[PDB]
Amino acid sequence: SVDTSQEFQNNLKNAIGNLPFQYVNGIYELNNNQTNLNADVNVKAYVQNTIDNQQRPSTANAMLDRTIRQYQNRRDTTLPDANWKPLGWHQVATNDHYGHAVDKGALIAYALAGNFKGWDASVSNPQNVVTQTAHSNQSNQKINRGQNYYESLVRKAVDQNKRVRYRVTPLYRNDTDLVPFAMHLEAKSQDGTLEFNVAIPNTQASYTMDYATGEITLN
């Protein structure tokens, strides 16, 4: 519905330009699932968050391997501000299996880079966390994919001792919006076996969200 809506595809185009895209398995494959990311042997593992000129979390880059892979539970390694809330955060109970509307959506996953020293890997890192639907955050449904599905592919590659160049960009309709309408994920392993370039719609079937405010209107 919203995902395939014309208003959505227009925003996507505004954000990615003349790049081809194709709605498949609940997400948009961009550039025929190919990214320009190059995984060079000579880049050390790292994570870098940015914010845009509107103080919103922007493009995140990383090189992922076993030296920054985080195998421990969050509660053992992080002390997040329990009170902190990302931009446009408006939580509501939902009539679906998630039971709630939005999650704290990490750009770069805790488990992938949480052992990079000096980088805040908690849910309260204000440069790495946005307001994200529970569906687009959590979904591992191969036929209705969320960001987790793609993070899992990356994690599995790392756990096979592959080095993965990784980029996560929140996409905004404009300068004003507090919340991204989609999450752009790109990855490429050194041996090239893993590669993708997708946009995960920041949506959930049970409702619609105003990306300007992050206010949720249930169905």
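Residues carry their position along the shown sequence, with the first being 1.
**Student:** Which is higher in the entry, the mean Cα B factor of 128-136 or that of 93-101?
**Tutor:** Stretch with the higher mean C-alpha B-factor: 93-101.
**Student:** With reference to the PDB entry, specify whether the mean Cα temperature factor is higher for 37-45 or for 186-194.
**Tutor:** Comparing 37-45 with 186-194, the higher average CA B-factor belongs to 37-45.
**Student:** Among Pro86, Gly146, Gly114, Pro80, where is the Cα B factor highest in this entry?
**Tutor:** Each of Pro86, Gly146, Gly114, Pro80 was compared by C-alpha B-factor; the highest is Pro80.
**Student:** Can you tell me which of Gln70, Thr59, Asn31, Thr176 has the maximum CA B-factor listed in the PDB entry?
**Tutor:** If I rank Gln70, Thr59, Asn31, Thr176 by C-alpha B-factor, first place goes to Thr176.
**Student:** Using the temperature factors of the C-alpha atoms in this entry, rank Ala205 within its chain: lowest, middle or highest third.
**Tutor:** According to the entry, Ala205 has a C-alpha B-factor in the chain's highest third.
**Student:** Going by the entry, which third of its chain does the Cα temperature factor of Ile16 land in?
**Tutor:** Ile16: CA B-factor falls in the highest third of its chain.
**Student:** Relative to the other modelled residues of the same chain, rank the CA B-factor of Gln160 and answer lowest, middle or highest third.
**Tutor:** As the PDB entry reports it, the C-alpha B-factor of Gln160 lands in the middle third of its chain.
**Student:** Lowest, middle or highest third: where is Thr169 by Cα B-factor in its chain?
**Tutor:** Within its chain, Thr169 is a lowest-third residue by C-alpha B-factor, going by the deposited values.
**Student:** Comparing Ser152 with the other modelled residues of its chain, is its CA B-factor in the lowest, middle or highest third?
**Tutor:** Tercile = lowest for this residue's CA B-factor.
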